[PDB]
């Protein structure tokens, strides 16, 4: 395997929350139902959501951000141990296959009113 792409993204939490409040349908456009919930069942907060948005932008970047990709075809899930993970389906999986991506790595940080993600695509 070799590195096929890297992405980084930094989002302002306040701006992102304002985007969500302005267009009620937006959250469901960007996120699967599972992503909108905490492991317990509570609704996920805006900073954690901004970090997942940053993950999806970073993932897009690592794939060369082509047209035709759906936000709901990338999913951030969470291991029992707490590690965030990427699962790709449909349009995003198809693009990753064009490029030969076998493995995804993500990390998130959110603090200081800002959410950051890095994504590495390997294959």
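Positions refer to the first chain, counted from 1.
As listed in the deposited structure, the average C-alpha B-factor of 112-120 and of 1-9 is greater for 112-120. Looking at mean Cα B-factors across 11-19 and 95-103, the upper value is held by 11-19. Within the listed group 57, 79, 73, 35, the record reports its top CA B-factor for 79. The residue among 69, 86, 62, 46 whose C-alpha atom has the highest B-factor in the PDB entry is 46.
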